[PDB]
Amino acid sequence: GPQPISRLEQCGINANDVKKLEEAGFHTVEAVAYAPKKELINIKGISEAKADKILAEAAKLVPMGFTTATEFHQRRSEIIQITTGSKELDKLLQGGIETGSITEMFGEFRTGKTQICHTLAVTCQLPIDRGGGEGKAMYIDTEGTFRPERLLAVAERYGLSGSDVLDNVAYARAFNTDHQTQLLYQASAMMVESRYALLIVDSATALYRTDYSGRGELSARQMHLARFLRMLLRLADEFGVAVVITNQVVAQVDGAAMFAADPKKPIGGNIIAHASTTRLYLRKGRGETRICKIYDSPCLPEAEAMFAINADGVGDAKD
Amino acid sequence: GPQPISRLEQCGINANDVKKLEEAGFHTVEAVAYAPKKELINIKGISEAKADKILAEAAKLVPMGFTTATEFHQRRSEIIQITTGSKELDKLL
Amino acid sequence: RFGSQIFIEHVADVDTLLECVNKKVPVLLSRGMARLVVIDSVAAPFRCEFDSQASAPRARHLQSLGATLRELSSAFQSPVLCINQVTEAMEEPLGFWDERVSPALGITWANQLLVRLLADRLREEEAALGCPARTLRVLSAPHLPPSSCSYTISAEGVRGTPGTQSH
DNA sequence: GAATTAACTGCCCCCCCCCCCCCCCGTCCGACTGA
DNA sequence: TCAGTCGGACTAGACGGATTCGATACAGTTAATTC
DNA sequence: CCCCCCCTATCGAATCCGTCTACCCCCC
Ligand SMILES: Nc1ncnc2c1ncn2[C@@H]1O[C@H](COP(=O)(O)OP(=O)(O)OP(=O)(O)O)[C@@H](O)[C@H]1O
Ligand SMILES: [Ca+2]
Ligand SMILES: [Mg+2]
């Protein structure tokens with residue numbers, strides 16, 4: 001897909017500048033082309049004229065002009081969608097999880113976000129004809145709730161070899177927001193090295209509840225979250241992978257005497273509200289059955305579906 | 001298990017800096033590595049460059065990268081579980 | 001004949017506005033077609049060219065424009081009405097202590113004026129009574145005390161609310 | 001032991017009033033309803 | 001016959017607060033250096 | 001070719017966080 005940054009020096013760029021760009025975090029030509037001039041200026045060994053030449057070469061290599069809507073419609077129709085393991089969820093989402101956009105899931109506890117993440121981590125390795133993506137999976141964990149036993153159970157459900165499935169999942173643990181952001185460069189290196197098709201960040205906003213406590217730290221927290229979301233978006237655009245993140249909820253103490261009898265809204269605010277493309281609202285039903293609802297989408301109507309959590313993972317509500 | 005914070009002396013850290021870190025509640029390399037930069041800056045008598053150098057030295061000794069799920073599953077299987085004194089709860093858990 | 005006795009001009013740059021006030025306006029005032037000059041937004045051209053590090057050229061241009069406008073107004077006895085924008089305080093002077101907003105263009109522009117007004121609107125937080133609240137306030141004048149009133153906008157025009165002037 | 005140089009921190013004071021709901025996660029059954 | 005859906009009583013209802021962020025030079029105090 | 005002497009402020013940002021149970025009636 002993306003063209004490696006090692007093709008710039010053929011256009012008249014010295015190797016040291018390419019190496020400096022590589023430490024900067026840009027590993028492809030597309031990454032350099034999308035970056036603004038200010039980002040290139042902050043490099044120690046790059047001046048304004050060097051940035052101008054690099055941007056000119058990148059724009060020469062990468063098309064960034066106007067296009068007819070017919071071409072965009074034709075190109076969009078071949079994107080891949082990953083099955084969620086449930087027929088009702090697939091029907092609700094009209095195919096499954098899209099690639100190239102940020103999808104977010106939120107809800108209270110025991111609502112099944114981690115189980116859905118595990119199921120997506122396994123099912124993304126299936127052949128495209130079976131609803132998969134034919135790639136690898138990347139799991140970034142910030143809570144410590146990653147269990148390969150669920151992956152083994154799902155693989156046994158789908159008739160795959162357990163050892164191979166475990167070998168195709170990359171796992172990293174984040175201990176703070178600064179470390180969480182630092183993990184998105186090695187991710188770029190691994191993605192340019194090998195073909196990946198998924199990226200789970202669970203939970204995306206777990207550490208922000210504690211790293212910034214009061215109202216006096218709201219602005220810095222929101223700016224950091226916005227930068228993190230922008231990095232996720234640039235990764236999704238550059239490599240064409242599906243980005244799935246999870247969120248948490250906060251109570252509505254003022255209440256206003258509404259019928260819900262227990263109101264709650266996701267955390268993150270307008271930043272993550274405007275940045276996410278698709279959002280799913282999960283809640284508990286009866287026994288092991290849960291309910292999923294479309295909360296925001298550019299092309300999907302507001303509707304609900306019912307799934308369940310079984311011993312084999314996320315699946316349809318067993319009778 | 002964890003390594004004492006005294007091992008940062010050999011990495012090029014002032015003894016007084018380690019004394020301040022130990023008085024601030026940090027007693028192991030892991031505790032320093034997991035701490036965010038803004039928490040280290042909060043300690044009086046430590047600058048931004050000093051905090052960055054300390055964090056780099058700490059991260060040089062603690063693995064904080066990407067690993068496959070096979071290794072995590074291998075390490076997870078040697079976890080210790082404590083009996084609750086009842087067979088029913090042990091079977092349930 | 002209201003329509004035929006109003007002249008409309010358009011500008012896009014600071015230099016264009018300077019050329020307009022230097023050439024076209026005196027022709028209209030001298031021949032007697034009009035005796036009133038209105039600038040829709042004096043601050044708009046100056047906010048798109050000069051940054052925080054280019055105060056001297058902006059001050060020079062503002063001084064030249066103010067001198068020209070004052071000379072024309074004094075010569076032809078025609079009032080000049082200038083419409084200005086505002087910038088927030090961003091609390092960390094000029095007489096604005098507890099005011100959230102202040103007139104733009106700094107103190108150099110404020111030295112060129114004679115009567116300074118200010119129109120303010122209280123948002124739904126103070127306007128949750130059903131209708132917007134508008135107050136017209138007098139900031140400074142050589143012969144007018146600092147006062148205020150209220151007004152409403154309707155299909156007929158701007159009308160002040162009777163019995164509202166503050167002392 | 002000490003003259004000498006180098007590195008981290010610091011610069012500050014005003015808001016004391018109080019209608020305000022808003023777009024449902026109600027928990028569910030009685031009955032309507034058209035097929 | 002048969003389940004989706006409009007509309008709604010269901011024993012009972014009130015409660016309040018919360019803070020930060022600038023772009024900058026020189027002295028004070030503590031820490032490292034070679035004689 | 002040489003002399004003596006100066007200037008002026010700007011922009012707004014960004015949500016969080018659940019507590020608390022009460023109270024008996026009625027004969028063949
Ligand atoms: N092997 C299993 N078989 C059946 N159900 C299981 C199994 N493992 C877990 N569950 C179900 O998973 C539920 C919790 O789901 P999950 O771990 O995804 O929660 P979550 O929404 O991610 O929570 P959190 O907010 O704490 O991160 C439990 O209530 C349990 O019923
Ligand atoms: Ca959105
Ligand atoms: Mg979880």
# chains A, B, ... in the order shown; residues from 1 in each chain; ligands from 1
call {"tool": "select_by_dssp", "arguments": {"residues": "range 185-290 of chain A", "states": "alpha helix (DSSP H)", "output": "JSON list (two decimals) with C-alpha atoms, in the first residue's frame"}}
result
[["chain", "number", "residue", "atom", "x", "y", "z"],
["A", 185, "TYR", "CA", 5.53, 5.13, 16.46],
["A", 186, "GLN", "CA", 6.66, 1.53, 16.90],
["A", 187, "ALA", "CA", 3.15, 0.73, 15.67],
["A", 188, "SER", "CA", 3.90, 2.69, 12.49],
["A", 189, "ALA", "CA", 7.21, 0.85, 12.06],
["A", 190, "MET", "CA", 5.57, -2.56, 12.48],
["A", 191, "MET", "CA", 2.72, -1.59, 10.14],
["A", 192, "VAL", "CA", 5.12, -0.48, 7.41],
["A", 193, "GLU", "CA", 7.15, -3.66, 7.93],
["A", 208, "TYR", "CA", -6.86, 10.29, 31.47],
["A", 209, "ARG", "CA", -9.31, 9.98, 34.38],
["A", 210, "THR", "CA", -6.34, 9.78, 36.77],
["A", 211, "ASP", "CA", -3.45, 11.58, 35.06],
["A", 218, "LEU", "CA", -8.94, 19.96, 31.78],
["A", 219, "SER", "CA", -7.31, 21.92, 28.95],
["A", 220, "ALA", "CA", -4.07, 19.92, 28.93],
["A", 221, "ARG", "CA", -5.98, 16.63, 29.08],
["A", 222, "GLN", "CA", -8.21, 17.62, 26.17],
["A", 223, "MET", "CA", -5.26, 18.81, 24.06],
["A", 224, "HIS", "CA", -3.38, 15.57, 24.74],
["A", 225, "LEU", "CA", -6.45, 13.51, 23.82],
["A", 226, "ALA", "CA", -6.92, 15.53, 20.62],
["A", 227, "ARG", "CA", -3.30, 14.94, 19.61],
["A", 228, "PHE", "CA", -3.67, 11.21, 20.32],
["A", 229, "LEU", "CA", -6.84, 11.04, 18.21],
["A", 230, "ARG", "CA", -5.11, 12.92, 15.39],
["A", 231, "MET", "CA", -2.28, 10.38, 15.45],
["A", 232, "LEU", "CA", -4.83, 7.56, 15.32],
["A", 233, "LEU", "CA", -6.55, 9.22, 12.36],
["A", 234, "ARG", "CA", -3.30, 9.69, 10.44],
["A", 235, "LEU", "CA", -2.39, 6.04, 11.06],
["A", 236, "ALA", "CA", -5.82, 4.94, 9.80],
["A", 237, "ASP", "CA", -5.56, 7.10, 6.67],
["A", 238, "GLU", "CA", -1.96, 6.09, 5.93],
["A", 239, "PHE", "CA", -2.23, 2.32, 6.40],
["A", 270, "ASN", "CA", -16.65, 17.23, 22.39],
["A", 271, "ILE", "CA", -13.14, 16.25, 21.24],
["A", 272, "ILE", "CA", -13.81, 12.51, 21.07],
["A", 273, "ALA", "CA", -17.44, 13.20, 20.15],
["A", 274, "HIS", "CA", -16.43, 15.07, 16.97],
["A", 275, "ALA", "CA", -13.40, 12.86, 16.21]]
call {"tool": "interface_residues", "arguments": {"of": "chain A", "to": "chain E", "cutoff": "8 Å", "atoms": "only C-alpha atoms (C1' of nucleotides)", "output": "ChimeraX atom specification"}}
result
/A:214-217,219
call {"tool": "residues_near_ligand", "arguments": {"ligand": "ligand 2", "cutoff": "12 Å", "atoms": "only C-alpha atoms (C1' of nucleotides) and all ligand atoms", "output": "list in words"}}
result
residues 101, 102, 103, 104, 269, 270, 271, 272, 273, 274, 275, 276, 277, 278, 279, 280, 294, 295, 296, 297, 298 and 299 of chain A
call {"tool": "residues_near_ligand", "arguments": {"ligand": "ligand 3", "cutoff": "8 Å", "atoms": "only C-alpha atoms (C1' of nucleotides) and all ligand atoms", "output": "list in words"}}
result
residues 109, 110, 112, 113, 114, 115, 143, 145, 202 and 203 of chain A
call {"tool": "closest_atom_pairs", "arguments": {"of": "chain A", "to": "chain B", "cutoff": "7 Å", "atoms": "only C-alpha atoms", "output": "JSON lines"}}
result
{"residue": "A:148", "atom": "CA", "partner": "B:73", "partner_atom": "CA", "distance": 6.1}
{"residue": "A:166", "atom": "CA", "partner": "B:69", "partner_atom": "CA", "distance": 5.3}
{"residue": "A:167", "atom": "CA", "partner": "B:70", "partner_atom": "CA", "distance": 5.9}
{"residue": "A:169", "atom": "CA", "partner": "B:69", "partner_atom": "CA", "distance": 5.7}
{"residue": "A:170", "atom": "CA", "partner": "B:68", "partner_atom": "CA", "distance": 4.6}
{"residue": "A:171", "atom": "CA", "partner": "B:67", "partner_atom": "CA", "distance": 5.3}
{"residue": "A:172", "atom": "CA", "partner": "B:66", "partner_atom": "CA", "distance": 4.8}
{"residue": "A:175", "atom": "CA", "partner": "B:34", "partner_atom": "CA", "distance": 5.7}
{"residue": "A:176", "atom": "CA", "partner": "B:36", "partner_atom": "CA", "distance": 6.1}
{"residue": "A:178", "atom": "CA", "partner": "B:36", "partner_atom": "CA", "distance": 6.5}
call {"tool": "interface_residues", "arguments": {"of": "chain E", "to": "chain B", "cutoff": "12 Å", "atoms": "only C-alpha atoms (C1' of nucleotides)", "output": "short mmCIF file (atom, residue, chain, number, x, y, z; two decimals) with N, CA, C and O atoms (P, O5', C5', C4', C3', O3' and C1' of nucleotides), in the first residue's frame"}}
result
data_model
loop_
_atom_site.label_atom_id
_atom_site.label_comp_id
_atom_site.auth_asym_id
_atom_site.auth_seq_id
_atom_site.Cartn_x
_atom_site.Cartn_y
_atom_site.Cartn_z
P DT E 29 19.63 33.25 49.62
"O5'" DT E 29 19.76 31.72 49.17
"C5'" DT E 29 18.59 30.96 48.89
"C4'" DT E 29 18.95 29.61 48.30
"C3'" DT E 29 20.02 28.83 49.08
"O3'" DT E 29 19.54 27.54 49.42
"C1'" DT E 29 20.52 28.88 46.76
P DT E 30 20.41 26.57 50.36
"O5'" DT E 30 20.96 25.46 49.35
"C5'" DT E 30 20.04 24.61 48.67
"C4'" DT E 30 20.69 23.97 47.45
"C3'" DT E 30 21.79 22.94 47.77
"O3'" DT E 30 21.54 21.73 47.05
"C1'" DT E 30 22.52 24.49 46.15
P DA E 31 22.35 20.39 47.43
"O5'" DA E 31 23.30 20.15 46.16
"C5'" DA E 31 22.73 19.86 44.89
"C4'" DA E 31 23.78 19.90 43.79
"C3'" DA E 31 25.03 19.06 44.05
"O3'" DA E 31 25.37 18.32 42.88
"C1'" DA E 31 25.64 21.28 43.55
P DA E 32 26.50 17.17 42.93
"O5'" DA E 32 27.59 17.66 41.87
"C5'" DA E 32 27.26 17.71 40.49
"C4'" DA E 32 28.36 18.39 39.68
"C3'" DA E 32 29.73 17.71 39.76
"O3'" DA E 32 30.39 17.81 38.50
"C1'" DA E 32 29.89 19.92 40.57
#
call {"tool": "closest_residue", "arguments": {"among": "B:79, B:58, B:89, B:41", "to": "chain D", "atoms": "only C-alpha atoms (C1' of nucleotides)"}}
result
B:41
call {"tool": "residues_near_ligand", "arguments": {"ligand": "ligand 1", "cutoff": "10 Å", "atoms": "only C-alpha atoms (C1' of nucleotides) and all ligand atoms", "output": "PyMOL selection string"}}
result
chain A and resi 105-118+143-147+149-150+153+202-203+206+246-249+282-284+287-289+308-314
call {"tool": "closest_atom_pairs", "arguments": {"of": "chain A", "to": "chain D", "cutoff": "10 Å", "atoms": "only C-alpha atoms (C1' of nucleotides)", "output": "Markdown table"}}
result
| residue | atom | partner | partner_atom | distance |
| --- | --- | --- | --- | --- |
| A:256 | CA | D:21 | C1' | 6.9 |
| A:257 | CA | D:21 | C1' | 8.9 |
| A:258 | CA | D:24 | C1' | 7.1 |
| A:259 | CA | D:26 | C1' | 4.5 |
| A:260 | CA | D:26 | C1' | 4.6 |
| A:261 | CA | D:26 | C1' | 6.4 |
| A:262 | CA | D:25 | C1' | 6.5 |
| A:263 | CA | D:25 | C1' | 6.1 |
| A:264 | CA | D:25 | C1' | 7.6 |
| A:265 | CA | D:25 | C1' | 9.7 |
| A:283 | CA | D:25 | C1' | 8.4 |
call {"tool": "interface_residues", "arguments": {"of": "chain C", "to": "chain D", "cutoff": "12 Å", "atoms": "only C-alpha atoms (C1' of nucleotides)", "output": "list in words"}}
result
residues 91, 92, 97, 98, 124, 125, 126, 127, 128, 129 and 130 of chain C
call {"tool": "interface_residues", "arguments": {"of": "chain C", "to": "chain F", "cutoff": "12 Å", "atoms": "only C-alpha atoms (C1' of nucleotides)", "output": "ChimeraX atom specification"}}
result
/C:47,50-60,86-91,100-101,104-108
call {"tool": "closest_atom_pairs", "arguments": {"of": "chain B", "to": "chain D", "cutoff": "10 Å", "atoms": "only C-alpha atoms (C1' of nucleotides)", "output": "tab-separated table"}}
result
residue	atom	partner	partner_atom	distance
B:44	CA	D:8	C1'	8.8
B:45	CA	D:8	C1'	6.2
B:46	CA	D:8	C1'	7.1
B:47	CA	D:8	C1'	6.4
B:48	CA	D:8	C1'	9.7
